[PDB]
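In: 3D, please:
(2 chains)
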Amino acid sequence: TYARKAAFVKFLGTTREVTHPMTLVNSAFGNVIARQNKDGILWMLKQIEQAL
Amino acid sequence: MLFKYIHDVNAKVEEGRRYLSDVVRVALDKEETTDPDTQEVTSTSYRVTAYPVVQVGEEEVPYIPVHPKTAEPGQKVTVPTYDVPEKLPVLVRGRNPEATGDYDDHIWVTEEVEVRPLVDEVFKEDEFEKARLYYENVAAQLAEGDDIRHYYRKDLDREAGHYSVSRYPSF
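Out: Numbering: from 1, shown residues only, chains lettered A, B, ... in the order given. The protein structure is shown below:
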C-alpha cells in the first residue's frame, strides 16, 4: 500500500513607514530605519513561532 | 449428467476473476424438448459446460484402487458433492469515506460478483463425437495447469477468404 500527499504554501507580511522630516532630525538612539527593521523582524518571528 | 470431471486448480488460476473457487467442474449432459400434452420429444441436444463449484455435502462411493494399492472386496470411500453457487467474493482496493488520518485512508474492501459459466456449448442430436471431443479437450486443457484458452469452433465461424466482407473494422 502506497499513498501520495500534498501541502500548500502560505504567505506572511507586514509594513513599516517613516516620514521624511523624521529622517532629518538628530536621534539619540541611532538610526530609525534599522530600529524599525529590527522591530518588524522580531514581530514577524513571534508570529511565525506561534503560527507553527 | 453423462460425464463428470472434478479438477483442482492452483493459486494462480484461483485468483482470476472467472475462477473464484478452488475446484472446477466439467460435465456433458443431454437435453430434450417435449410437447406439453405427453412425453413426445421434439429434439435432443448435448451441452458441455464448466462451472466454479462449492461443496454442499458428502456421499458414499465404492473405492477404486490404483496399481501400487490393493482394496478390500467391499471397501468404500467418502467424496464431497458440488453445486453451482450464486455469488463469490473478491477483494479490491478502496478508500475510507470516513477516514480520520493518513493511516486508515487506504483499505481493502470485499465485493461479491455474479458467477458465470466458463464454457457453454450446444451440439445437435447428431455429432455426439464432436461434443465428446470438445469435452475431452476442455478437460485436458484444464489438466495442462493453466486457464481455459481455446474456444474456436469451425462450424460457428465466418467464411474465410471473403475479402468483400472481411475488410470492415473489427479491432
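
In: what residues does the host helix or strand of residue B:90 touch?
Out: Per DSSP states H and E, residue B:90 falls inside strand B:87-95. Contact with strand B:87-95 is made by B:17, B:20-21, B:52, B:105-115, as judged by CB atoms under 8 Å, 6 or more residues apart in numbering or on different chains. All C-beta atoms are positioned from the backbone trio N, CA, C, and that covers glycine.

In: From those, list just the buried residues.
Out: Buried by 16 or more other CB atoms under 10 Å in any protein chain shown: B:20, B:21, B:52, B:115, out of the contacts of strand B:87-95.

In: nearest to residue B:131, of the residues you listed?
Out: For the buried ones among the contacts of strand B:87-95, the closest approach to residue B:131 (CB to CB) belongs to residue B:52, at 21.6 Å.

In: That closest one contacts residue B:85, doesn't it?
Out: Yes - if you go by CB atoms under 8 Å, residue B:52 and residue B:85 touch, sitting 7.3 Å apart.

In: tell me, what's touching the two both at once?
Out: What both residue B:52 and residue B:85 touch, as defined by CB under 8 Å, 6+ apart, is the set B:21, B:115.

In: what does chain B put close to chain A?
Out: Residues of chain B that fall close to chain A, judged by CB under 8 Å from any CB of the partner chain: B:102, B:105, B:106.

In: Going by proximity to chain B, name the top residue of chain A.
Out: residue A:1 (5.1 Å; CB to the nearest CB).

In: Farthest-apart pair in the contacts of strand B:87-95, please.
Out: Based on CB to CB, the longest span within the contacts of strand B:87-95 runs between B:52 and B:105 and measures 33.4 Å.

In: As a check, name the ranges of all helices in chain B.
Out: Taking DSSP state H as the test, the helices found in chain B are B:11-14, B:128-143, B:163-166.

In: Using PDB, write out every CA atom in the longest one.
Out: What follows is the C-alpha trace of helix B:128-143 in PDB, where atoms were taken according to Å, rounded to 0.1, in the frame of the first residue of the first chain:
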ATOM      1  CA  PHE B 128     -22.100 -36.700 -30.300                       C
ATOM      2  CA  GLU B 129     -18.500 -37.500 -31.200                       C
ATOM      3  CA  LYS B 130     -17.800 -33.700 -31.600                       C
ATOM      4  CA  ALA B 131     -19.300 -33.000 -28.200                       C
ATOM      5  CA  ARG B 132     -17.200 -35.800 -26.600                       C
ATOM      6  CA  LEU B 133     -14.100 -34.400 -28.300                       C
ATOM      7  CA  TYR B 134     -14.800 -30.900 -27.100                       C
ATOM      8  CA  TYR B 135     -15.400 -32.200 -23.500                       C
ATOM      9  CA  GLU B 136     -12.100 -34.200 -23.600                       C
ATOM     10  CA  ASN B 137     -10.200 -31.200 -25.000                       C
ATOM     11  CA  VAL B 138     -11.600 -28.900 -22.200                       C
ATOM     12  CA  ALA B 139     -10.600 -31.400 -19.600                       C
ATOM     13  CA  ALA B 140      -7.100 -31.900 -20.900                       C
ATOM     14  CA  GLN B 141      -6.500 -28.200 -21.300                       C
ATOM     15  CA  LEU B 142      -7.600 -27.800 -17.700                       C
ATOM     16  CA  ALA B 143      -5.200 -30.600 -16.700                       C
END
